[PDB]
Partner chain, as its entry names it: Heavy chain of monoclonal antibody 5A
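This document starts with one chain, in the form solved without the partner chain, laid out as structure tokens.
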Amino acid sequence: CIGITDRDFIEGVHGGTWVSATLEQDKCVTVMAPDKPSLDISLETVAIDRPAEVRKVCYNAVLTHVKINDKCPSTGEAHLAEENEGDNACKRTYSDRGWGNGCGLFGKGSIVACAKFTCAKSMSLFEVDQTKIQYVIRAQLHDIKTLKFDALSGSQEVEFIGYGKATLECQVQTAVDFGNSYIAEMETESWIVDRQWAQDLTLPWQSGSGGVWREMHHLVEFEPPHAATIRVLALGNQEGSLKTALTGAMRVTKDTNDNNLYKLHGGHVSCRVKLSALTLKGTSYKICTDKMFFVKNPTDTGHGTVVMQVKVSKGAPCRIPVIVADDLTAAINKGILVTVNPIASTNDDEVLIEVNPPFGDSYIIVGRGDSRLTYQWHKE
């Protein structure tokens, strides 16, 4: 993968040596020592295991067993047993009663209608427990070690050949704030949605400890009453509106092995590796200066950053400089570089670059001089 730098590791006169690295997915870091095999450490996955299901939202509903009870004037209020039953949606009203409908005197008469409510199609919402976030870090000598990590369980111990015992102290950083977000499951598909957005949906819902359906009236319509009948109509499937609303949302991908795991699109793990006293070797990187190509143009991550892929053909292993300025003068950088150590290991080699551009219109400038690439980006 990529090799650590001099400042990245430190060796004590006594005790151990510490390596501090930031690992991101699809990226690896390698550590090498004299008369010892090189060690490669990479971040494999960041994932969520069976997040709890907080709420169910209903976008298609069905009504059955329409029941009606009617009373004449001076006969009392009308009642139905289904009014007590939870599955039903009920309406209470008055209708015009007279000689026409079999009533002795002309007046308002009590009427009640009940219909059994069923949610044909529903959307699930899951809340992520941030202390349960899991990441897997894998280290292999040039014997493989797979280390399973938890936000709670930061420290894990491992033993390597020639390097001896080592301890990893890790922290997760995630690209999206799950305090403000839900994971929304519709059929096969899944998304990340704003919590308040989901809570404001004018559709029936059910708690995750299934209680009964709430605010059924959003998909239920009670027509104006006639003499002793009311028409109760379920509203049409609201999948179209919901799917249209979900276009501006970032998809989440279920893992391929377990398929009950959600895999986070981004975010990185900051680790400190403690080793027994060792002398390690670090490389130093030069800023690239020439010949860069856009293998993949900058594209929206969906969490407010843009990613690109670039090729370095000339000439070196070098660190790539990225800035985002609202000028072409590139005098003041207005952007933040999400990617850590965006480096080219070899010539003709592709590298990922993630950037957080300012709101409005900006220029993403990669490299320097006549050789530099530029791209124009709009952010809302």
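Numbering follows the first chain given and starts at 1.
Another form exists, deposited with the partner chain bound; not displayed. Remarks below refer to it.
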### Query
Taking the shortest heavy atom distance, is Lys71 within 4.5 Å of the partner chain in the deposited complex?
yes
### Message
Can you work out whether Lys36 and the partner chain are in contact in the deposited complex, taking contact to mean some heavy atom pair no more than 4.5 Å apart?
### Response
no
### Message
Residue-level question: is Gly162 within 4.5 Å of the partner chain in the deposited complex, judged on heavy atoms?
### Response
no
### Message
Within 4.5 Å, heavy atoms only: does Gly100 come near the partner chain in the deposited complex?
### Response
yes
### Query
Taking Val29, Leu43 and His142 as the candidate spot, are all three within 4.5 angstroms of the partner chain in the deposited complex by heavy atoms?
no
## Note on the structure
Exactly one of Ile137, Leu264, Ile183, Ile230 comes within 4.5 Å of the partner chain in the deposited complex through a heavy atom, and that residue is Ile230
